[PDB]
Amino acid sequence: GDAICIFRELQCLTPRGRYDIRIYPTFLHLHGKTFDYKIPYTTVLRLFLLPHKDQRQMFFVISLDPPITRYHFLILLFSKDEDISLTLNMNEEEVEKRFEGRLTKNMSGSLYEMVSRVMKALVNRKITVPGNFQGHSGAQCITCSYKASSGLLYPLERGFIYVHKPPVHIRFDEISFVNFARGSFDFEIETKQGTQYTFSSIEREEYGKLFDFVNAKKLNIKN
Numbered sequence: 002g003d004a005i006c007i008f009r010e011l012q013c014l015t016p017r018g019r020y021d022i023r024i025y026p027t028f029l030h031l032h033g034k035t036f037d038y039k040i041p042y043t044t045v046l047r048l049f050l051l052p053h054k055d056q057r058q059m060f061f062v063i064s065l066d067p068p069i074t075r076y077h078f079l080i081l082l083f084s085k086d087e088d089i090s091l092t093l094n095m096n097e098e099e100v101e102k103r104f105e106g107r108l109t110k111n112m113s114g115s116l117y118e119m120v121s122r123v124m125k126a127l128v129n130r131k132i133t134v135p136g137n138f139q140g141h142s143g144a145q146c147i148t149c150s151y152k153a154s155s156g157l158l159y160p161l162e163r164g165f166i167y168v169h170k171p172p173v174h175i176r177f178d179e180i181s182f183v184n185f186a187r188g194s195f196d197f198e199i200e201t202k203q204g205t206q207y208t209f210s211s212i213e214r215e216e217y218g219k220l221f222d223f224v225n226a227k228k229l230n231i232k233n
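Taking the authors' numbering, I'd label the letters of the sequence shown as residues 2 to 69, 74 to 188, 194 to 233.
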């Protein structure tokens with residue numbers, strides 16, 4: 002049919018449920034059991050691939066504007086050991102021409118990477134992944150609370166992203182300063203527009219690496 006390809010029964014966290022993702026040339030169709038949304042690629046502002054602290058799962062984060074209750078991110082969750090092979094409903098010459106060589110007609114790989122590879126090609130944006138941050142445990146994120154719900158905080162190369170309820174993305178160039186506060195401890199970020207995010211209940215043993223990281227990134231600390 003129209004679709005370049007279809008990804009079936011993908012785990013979505015925002016909104017929650019399993020959805021098919023039908024990939025068309027100018028939009029994707031997120032097809033759920035009850036709800037449906039068209040998402041033009043022009044509304045996709047950023048992409049992130051984030052390793053779950055459990056070492057078994059991967060988040061794929063699609064930042065949306067306008068949002069999809075409103076969801077400013079489409080967050081998909083995968084197990085790292087899920088594999089897929091795909092045949093695009095296209096000829097090879099058209100595939101090369103449409104996607105600058107980023108895709109081929111027949112592809113195979115990890116499911117999370119296949120979805121992100123097709124999305125990256127369709128929205129023409131790079132996938133942001135973690136840099137060198139490592140927490141106390143060795144993971145590339147930190148367990149914490151945000152708006153009285155638990156999640157994971159990712160210190161990236163140029164920003165912070167928290168997942169998943171609700172998700173939050175903050176660029177370093179939007180930050181005026183950071184603060185380390187009493188409770194476990196609280197990590198506070200004040201933006202240049204004078205608003206605040208608090209990631210609370212961070213286990214004490216995470217302090218020094220988070221402190222070292224924000225220092226390395228030349229963020230002001232107004233303790």
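In this text, a Cβ means the ideal position worked out from N, Cα and C, and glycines have one as well.
Presumed contact (8 Å Cβ cut-off) between residue i and residue j, rounded CB distance
i      : j      : result
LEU48  : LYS152 : Actually they do not touch by this definition, with Cβ atoms about 24 Å apart.
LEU11  : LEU81  : 5 Å
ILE175 : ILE199 : 6 Å
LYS219 : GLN139 : 7 Å
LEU50  : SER121 : 6 Å
Residue from the options whose Cα sits closest to the Cα of residue i
i      : options                        : result
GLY2   : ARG23, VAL128, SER84           : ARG23
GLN206 : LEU158, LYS219, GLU179, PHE221 : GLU179
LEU108 : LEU116, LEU93, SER115          : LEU93
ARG19  : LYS202, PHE104, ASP37, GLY204  : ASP37
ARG17  : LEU79, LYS202, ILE7, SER142    : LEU79
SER194 : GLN203, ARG214, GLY204         : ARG214
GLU162 : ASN137, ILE7, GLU97, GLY143    : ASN137
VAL123 : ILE212, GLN203, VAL100, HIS141 : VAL100
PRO41  : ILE231, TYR159, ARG9, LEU127   : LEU127
Sub-8 Å separation of residue i and residue j beta-carbons
i      : j      : result
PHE223 : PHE209 : no
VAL62  : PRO135 : no
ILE132 : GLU216 : no
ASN225 : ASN184 : no
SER115 : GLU87  : yes
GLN56  : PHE83  : no
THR35  : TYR76  : no
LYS170 : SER150 : no
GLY164 : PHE177 : yes
Span of the beta strand (DSSP E), counted from its first residue to its last, around residue i
i      : result
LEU229 : Segment: none, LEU229 is in no beta strand (DSSP E) and carries neither H nor E.
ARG103 : Taken as a continuous stretch (DSSP letters only), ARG103 belongs to no beta strand (DSSP E), being part of the alpha helix (DSSP H) at 97-104.
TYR207 : 206-212
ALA186 : 180-187
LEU161 : Taken as a continuous stretch (DSSP letters only), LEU161 belongs to no beta strand (DSSP E), as it is neither H nor E.
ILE199 : 195-201
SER115 : 111-115
Buried or exposed (CB count within 10 angstroms, at least 16 for buried), residue i
i      : result
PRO67  : exposed
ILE5   : buried
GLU118 : buried
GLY106 : exposed
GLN145 : buried
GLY156 : buried
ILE212 : buried
Closer than 7 Å: residue i CB and nearest the ligand COA heavy atom
i     : result
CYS13 : What this structure holds is no ligand at all, so the ligand COA is not there to describe.
Element boundaries [alpha helix (DSSP H), containing residue i]
i      : result
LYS131 : Careful: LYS131 lies outside any alpha helix (DSSP H) and carries neither H nor E.
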